[PDB]
Each structure stands twice: as C-alpha cells, then as structure tokens.
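J.: Heads up: the sequence lines are chains R, O and M, in that order. Just so you know, we're using the deposited numbering here: the first sequence kicks off at 918 and counts up by one. Just so you know, we're using the deposited numbering here: the second sequence kicks off at 3 and counts up by one. Just so you know, we're using the deposited numbering here: the third sequence kicks off at 3 and counts up by one. A virtual CB, placed ideally from N, CA and C, is assigned to each residue, including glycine. Mind having a look at this structure? Questions to follow.
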Amino acid sequence: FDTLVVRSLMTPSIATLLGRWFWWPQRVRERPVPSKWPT
Amino acid sequence: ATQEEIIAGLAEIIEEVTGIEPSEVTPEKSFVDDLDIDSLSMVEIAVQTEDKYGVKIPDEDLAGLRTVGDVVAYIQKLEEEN
Amino acid sequence: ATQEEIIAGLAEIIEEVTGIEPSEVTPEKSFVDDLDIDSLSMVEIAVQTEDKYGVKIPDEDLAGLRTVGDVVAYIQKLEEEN
C-alpha cells in the first residue's frame with residue numbers, strides 16, 4: 918500500500934502543493950531562473 | 003524566442019517524456035498520431051516547459067493542440083505577443 | 003558617482019548579507035528574481051549603505067525596486083537628489 922499509493926501518489930502530491938514551503942526552513946525556489954531557449 | 007530555438011527545447015523535452023529522438027521530431031509530426039502521445043503525456047511536456055521556459059498549457063489547450071507545428075506556433079504566438 | 007562605483011559598493015554588501023559572488027552582481031540582475039533575495043535581506047543592504055555612504059533607502063522604495071539597475075538608478079537619483 919505504501920509503495921504503490923503513499924510513496925507513488927500521496928507523497929509526490931503533497932510536495933507539489935506546498936511548493937517552496939515543503940522544504941522549509943531551507944529557502945528554495947518553485948522554479949529556477951527563467952532560462953532562455955537554446956540555439 | 004526564434005522558431006528554431008523553440009523546436010530545439012521542445013524536442014529535447016519530448017525525449018525525456020517519451021524517448022523520441024530530438025532530430026526525429028519535426029513540425030509535421032503530431033503528438034497524438036505521429037508521436038503517439040496521449041493527453042497525460044502531453045501534460046508532462048507542458049509541465050517541463052512551465053518549469054524550464056515558463057510556458058504552461060492546461061488540459062483544454064493541450065487537447066486542442068495536435069501537431070508540433072501547432073505547439074511551436076502556439077508558443078511562438080506567446081513570443082509574438084510580447 | 004559612476005555606475006560601476008555604485009555597483010561595486012552594492013556588490014560588496016551582497017557578498018556579506020547573502021554571500022553571492024560579485025561576478026553574479028550585474029545591473030540587469032533582479033534581487034527578488036535573479037538574486038533570490040527576500041525583502042528582509044534587501045533592507046539590510048540599505049542599512050549598511052546608509053551607515054557607509056549616507057544613502058537612505060526607505061522601505062517603500064525597497065518594495066518598488068526590482069532589479070540592480072533599478073536600485074542603481076535610485077542611488078543615482080539620490081546622487082542627483084543631494
């Protein structure tokens with residue numbers, strides 16, 4: 918149950934919702950610096 | 003950016019999502035038919051672009067988009083609408 | 003003063019509060035976006051600047067300022083407004 922549901926669905930879902938506050942108190946970014954398109 | 007630059011970034015993303023070679027991807031190719039990319043897979047391409055290039059495409063728009071040329075033009079439309 | 007002199011002073015402070023290399027410090031960089039500097043850290047830069055050069059940046063301007071060039075312009079503006 919944990920491997921197929923909790924680890925696969927429950928845990929990843931929570932990380933996306935909390936965003937940068939998931940890694941609190943470590944200050945992180947939702948996305949990196951907006952990168953330009955490569956040639 | 004330029005249409006050529008748009009293709010290069012998107013083609014790389016498709017390889018991560020599906021495994022299709024970046025050189026294989028052409029504007030003629032269609033995600034649903036040629037690339038055999040379902041609705042779920044096409045979301046991942048939009049998601050990776052959302053984090054990398056900042057272009058987010060919802061479910062409704064992704065369903066409308068059919069081919070690579072359509073998606074490239076759709077993104078280039080946003081670049082045109084600067 | 004000169005544009006480089008304003009940046010050089012600001013670059014040293016950034017290396018102290020945040021430990022960000024001076025090479026990263028360019029006029030087009032944004033504190034919140036490019037430099038990943040929160041509001042409180044930006045205030046500390048103003049506090050050190052005030053006690054070093056006399057340039058006092060109120061909190062109202064700090065929220066308004068977005069990039070390094072914007073900050074330099076205000077400092078140059080305060081240089082103009084001296």
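#1: According to DSSP, is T28 (chain M) helix, strand or coil?
#2: Could you tell me how far apart the beta carbons of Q50 (chain M) and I15 (chain M) are, in whole angstroms, since I believe they sit closer than 8 Å?
#3: Please state the DSSP three-state secondary structure of residue 2 (chain O).
#4: Please name the residues in the segment 928-950 of chain R whose beta-carbon is closer than 9 Å to at least one beta-carbon of chain O, in chain order.
#5: For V922 (chain R), which residues in the same chain have their Cβ closer than 7 Å to its Cβ, ignoring the five residues on either side in sequence?
#6: With DSSP as the reference, identify every bridge partner of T69 (chain O), one or two as the case may be.
#7: Please confirm whether any heavy atom of the ligand GTP lies closer than 6 Å to the CB of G66 (chain O).
#8: Give the straight-line distance between the Cα atoms of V70 (chain M) and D53 (chain M), rounded to the nearest whole angstrom.
#9: Assuming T956 (chain R) and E7 (chain O) make a contact with CB atoms under 8 Å, what is their CB distance in whole Å?
#10: Can you tell me the Cβ-Cβ gap for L67 (chain M) and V45 (chain M), rounded? I've got them flagged as a contact below 8 Å.
#11: Return the CA-CA distance between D72 (chain O) and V73 (chain M), expressed in angstroms with no decimal places.
#12: Can you give me the C-alpha to C-alpha distance between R948 (chain R) and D919 (chain R), rounded to a whole angstrom?
#13: Just to confirm my understanding: we take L12 (chain O), look at its own chain, exclude 5 residues before and 5 after, and list those with CB closer than 8 Å. What are they?
#14: Here's a check: name, in chain order, each residue in its chain whose Cβ is nearer than 8 Å to the Cβ of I9 (chain O), leaving out the five neighbours to either side.
T.: Based on what the coordinates show:
#1: If you number the third sequence from 1, residue 28 (chain M) lands on position 26. Coil, per DSSP.
#2: Locating residue 50 (chain M) in the third sequence gives position 48, where the first residue counts as 1. Locating residue 15 (chain M) in the third sequence gives position 13, where the first residue counts as 1. With a Cβ gap of about 5 Å, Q50 (chain M) and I15 (chain M) count as contacting.
#3: Residue 2 (chain O) is absent from the structure shown; chain O starts at 3 and stops at 84.
#4: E947, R948 and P949
#5: Taking the first sequence and counting its residues from 1, one reaches residue 922 (chain R) at position 5. Answer for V922 (chain R): no residue qualifies.
#6: Residue numbering aside, residue 69 (chain O) sits at position 67 when the second sequence is read from its first letter. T69 (chain O) is bridged to O:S32.
#7: In the structure shown, the ligand GTP is absent, as is every other ligand, since no ligand is present at all.
#8: As a first step, residue 70 (chain M) must be located in the third sequence, where it is residue number 68. As a first step, residue 53 (chain M) must be located in the third sequence, where it is residue number 51. Taking the straight line from one Cα to the other gives about 20 Å.
#9: In the first sequence, the residue the question calls residue 956 (chain R) occupies position 39. In the second sequence, the residue the question calls residue 7 (chain O) occupies position 5. Confirmed, Cβ separation roughly 6 Å.
#10: If you number the third sequence from 1, residue 67 (chain M) lands on position 65. If you number the third sequence from 1, residue 45 (chain M) lands on position 43. Contact doesn't hold; Cβ gap of about 11 Å is too wide.
#11: Position 70 of the second sequence, counting from 1, holds the residue named residue 72 (chain O). Position 71 of the third sequence, counting from 1, holds the residue named residue 73 (chain M). Cα to Cα, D72 (chain O) sits roughly 41 Å from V73 (chain M).
#12: Sequence index remark: in the first sequence, residue 948 (chain R) carries index 31 (1-based). Sequence index remark: in the first sequence, residue 919 (chain R) carries index 2 (1-based). So the alpha carbons of these two residues sit roughly 28 Å apart.
#13: The sequence position of residue 12 (chain O) within the second sequence is 10, counting from 1. Taken in chain order, the residues that qualify are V27, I47, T51, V70, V73, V74 and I77.
#14: Residue numbering aside, residue 9 (chain O) sits at position 7 when the second sequence is read from its first letter. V27, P29, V70 and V74.
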